[PDB]
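Asker:
Protein chains: 2
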Amino acid sequence: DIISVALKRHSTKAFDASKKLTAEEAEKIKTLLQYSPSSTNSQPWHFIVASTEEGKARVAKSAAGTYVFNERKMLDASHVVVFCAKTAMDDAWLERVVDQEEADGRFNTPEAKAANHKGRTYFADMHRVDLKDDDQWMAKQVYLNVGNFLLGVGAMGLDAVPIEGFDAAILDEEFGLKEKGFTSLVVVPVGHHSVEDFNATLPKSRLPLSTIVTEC
Amino acid sequence: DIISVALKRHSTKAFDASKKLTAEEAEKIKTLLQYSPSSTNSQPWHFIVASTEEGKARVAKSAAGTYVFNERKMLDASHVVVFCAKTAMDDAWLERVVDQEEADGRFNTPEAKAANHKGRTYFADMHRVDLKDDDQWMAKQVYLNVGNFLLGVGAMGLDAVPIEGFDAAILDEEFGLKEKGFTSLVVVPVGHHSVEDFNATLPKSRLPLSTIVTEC
Ligand SMILES: Cc1cc2nc3c(=O)[nH]c(=O)nc-3n(C[C@H](O)[C@H](O)[C@H](O)COP(=O)(O)O)c2cc1C
Ligand SMILES: Cc1cc2nc3c(=O)[nH]c(=O)nc-3n(C[C@H](O)[C@H](O)[C@H](O)COP(=O)(O)O)c2cc1C
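Protein chains in written order, with the deposited numbering: chain B, 2 to 217; chain A, 2 to 217.
1. Could you tell me whether any non-hydrogen atom of ligand 1 is closer than 8 Å to the CB of residue 185/B?
2. In the DSSP assignment, what residue or residues form a beta bridge with residue 192/B?
3. Consider the Cβ of residue 88/B: report whether some Cβ of chain A lies at a distance smaller than 9 Å.
4. Got a sec: is the Cβ-Cβ distance from residue 111/B to anything in chain A below 9 Å?
5. Cβ of residue 142/A versus every heavy atom of ligand 1: is any distance shorter than 8 Å?
6. Which one of 144/B, 181/B, 154/B and 212/B has the shortest CA to CA distance from residue 10/B?
7. Would you tell me roughly how many angstroms separate the C-alpha atoms of residue 22/A and residue 142/A, rounded to the nearest one?
8. Specify which residues have a beta carbon nearer than 6 Å to any heavy atom of ligand 2, listing them in chain order.
9. Does the separation of the CB atoms of residue 206/A and residue 102/B fall below 9 Å?
10. Around the Cβ of residue 55/A, are there at least 16 other Cβ atoms within 10 angstroms (buried) or fewer (exposed)?
11. I want to see whether chain A comes within less than 9 Å of residue 135/B, judged by CB atoms only; does it?
12. Is there a C-beta anywhere in chain B that falls below 9 Å from the one on residue 129/A?
13. Would you check if the distance between the CB atom of residue 65/B and the CB atom of residue 136/B is smaller than 9 Å?
14. Output yes if chain A places a C-beta closer than 9 Å to the C-beta of residue 194/B; else output no.
15. Is the stretch 78 to 95 of chain A in contact with the stretch 38 to 50 of chain A, if contact means three or more CB pairs nearer than 8 Å?
16. Near residue 165/A, what residues of its chain come up, given a Cβ to Cβ distance below 7 Å and the 5 sequence neighbours on each side ignored?
17. What does residue 102/B reach in chain A if we use C-beta pairs closer than 8 Å?
18. Pairing CB atoms from the stretch 194 to 206 of chain B with CB atoms from the stretch 168 to 186 of chain B, are three or more of them under 8 Å?
19. Can you confirm whether residue 74/B, when its beta carbon is compared against all beta carbons of chain A, has any partner nearer than 9 Å?
20. Pick from 179/A, 31/A, 182/A and 119/A: whose alpha carbon is nearest that of residue 216/B?
21. Skipping 5 residues on each side, what residues in its chain have a beta carbon closer than 7 Å to that of residue 157/B?
22. Drop a sphere of 10 angstroms on the beta-carbon of residue 225/A, count the other beta-carbons inside from all chains shown, and report buried for 16 or more, exposed for fewer.
23. Rounded to whole angstroms, what's the CA-CA distance from residue 193/A to residue 15/A? Just pull it up for me.
24. Got a sec? Which residues, its chain only, sit under 6 Å from residue 73/B by beta carbon, not counting five neighbours each side?
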């Protein structure tokens, strides 16, 4: 039951460094990242999937200073995903999305493709020109991806922990993201928790529905 | 199989106005909204769940002008969820979160609670005082909730569609969110698609892994 997964998954505070994702699981988590929905299917993202020791160690460099409490999670997990958002929405990217959809057979007529292009351009320009907030708009799509991902890995029986406790500037520099047109937002170590994960047995806590929900 | 769900779920284009969520399903989608994770368990959100014709009509007021193409989805769906983010992170809310966590048994000592409170305050001030972007920080947590929600309802066998194509100013005014300290970000109609929901048979389309993923 997906609801049971929701009530059972937790933020892993300690991973068993000897437990690696299987080849099939490694392929599956990439599928999750790739198929997350997004506004106008803009997929304004890039993902770094570190599974080698040096790769994870390079990501771990961002858990410096006060963020050191997140270093072990990045080092011990099997696969560490760095969720990145594009820094600017370029026409090239927008054309790539519609051309991919065309190549994937989503348009039965030329009019169908044009309508799709028209709609994406409307949203893209509203953010790039009118509101001048495409950077924030894209980052929002990436967090949506993170949300999709966390529930997904949980449903796969894998453990993970979403991390904002890292120096993005350091991480960006380490992987030359700036030059590539991206910036790091969330780091997500994925693997299996050890019996040492104190958060694995603590009850989950959320504010009451009477407070967060309004029915009408 | 969550991966099959990710490869099958889709943005519903039309809902069967006669098919409603069962009472149990209605409780489950609220559980999904409530239990989504968030930075420091800040839960900087509020949800409007419209299930009555009068309620859906109020939300549909936001599908005006350019957004009229989204009106039908908001009116025909069984339940319409409006995802809202806090406009500013106040100490009162942070207090609520830590007190609830204590009530839920997450702390073994008073010192443990104080430490958790200090840490959350640190992160909150980093956004409130330093970066002056707590509004964007909280909105990101909401989108993550949306991402969790869409995969969740998909795994429930339910149909839904995320909507950014609505006038938030109109929606905010209609529900007096401003005064309550919230602002609408995404509208998500939930229910069962109709025979005419063409997007149900069209193949999904995403850019290739060779473009979006970097393995290290
Ligand atoms: C965007 C985001 C950033 C987070 N940052 C950290 C972090 O840096 N380190 C850590 O251990 N947990 C971090 N958390 C975990 C939260 O504290 C956690 O999701 C919340 O307390 C609810 O508990 P749960 O994930 O076990 O359901 C983060 C969560 C999200 C969703
Ligand atoms: C934040 C967000 C906003 C969206 N806005 C709309 C919308 O206003 N109307 C609509 O019909 N679809 C909307 N979409 C649907 C996208 O176009 C869709 O998720 C994407 O093309 C991928 O297709 P899929 O959801 O079927 O996998 C939105 C999606 C997200 C994630």
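By construction, the Cβ of each residue, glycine as well, lies at the ideal position given by its N, Cα and C atoms.
Answerer: Per the coordinate set shown:
1. Answer for residue 185/B: no, Cβ out of range of ligand 1.
2. Paired residues: 160/B.
3. When Cβ-Cβ separations below 9 Å define contact, residue 88/B makes no contact with chain A.
4. For residue 111/B, no CB of chain A lies under 9 Å from its own CB, so it is not counted at the interface with that chain.
5. At least one heavy atom of ligand 1 is nearer than 8 Å to the Cβ of residue 142/A, so yes.
6. Each of 144/B, 181/B, 154/B and 212/B was checked against the Cα of residue 10/B, and the nearest Cα belongs to 154/B.
7. Approximately 26 Å between the Cα atoms of the pair.
8. Those residues that have a beta carbon less than 6 Å away from any non-hydrogen atom of ligand 2 are, in order along the chain, 38/B, 39/B, 40/B, 41/B, 42/B, 145/B, 11/A, 12/A, 71/A, 162/A, 163/A, 164/A, 165/A, 166/A, 187/A and 205/A.
9. Cβ distance < 9 Å, so residue 206/A and residue 102/B count as in contact.
10. When all chains shown are included, residue 55/A counts as exposed.
11. No, its Cβ sits nowhere closer than 9 Å to a Cβ of chain A.
12. Contact with chain B is absent for residue 129/A, since none of that chain's Cβ atoms lies less than 9 Å from the residue's Cβ.
13. No. Outside cutoff.
14. It does not; no Cβ of chain A falls within 9 Å.
15. Yes, the stretch 78 to 95 of chain A touches the stretch 38 to 50 of chain A.
16. These residues qualify, in order along the chain: 187.
17. One finds 206 in chain A with Cβ atoms closer than 8 Å to the Cβ of residue 102/B, taken in chain order.
18. No, because fewer than three Cβ pairs between the stretch 194 to 206 of chain B and the stretch 168 to 186 of chain B fall closer than 8 Å, the two stretches do not touch.
19. It does not: the Cβ of residue 74/B has no partner Cβ on chain A nearer than 9 Å.
20. Out of 179/A, 31/A, 182/A and 119/A, 31/A has the C-alpha closest to the C-alpha of residue 216/B.
21. Taken in chain order, the residues that qualify are 26 and 29.
22. Residue numbering for chain A in the displayed model covers 2 to 217; residue 225/A lies beyond these limits and cannot be assessed.
23. Roughly 8 Å separates the two Cα atoms.
24. For residue 73/B, there are no CB contacts under 6 Å within the same chain when 5 residues up- and downstream are skipped.
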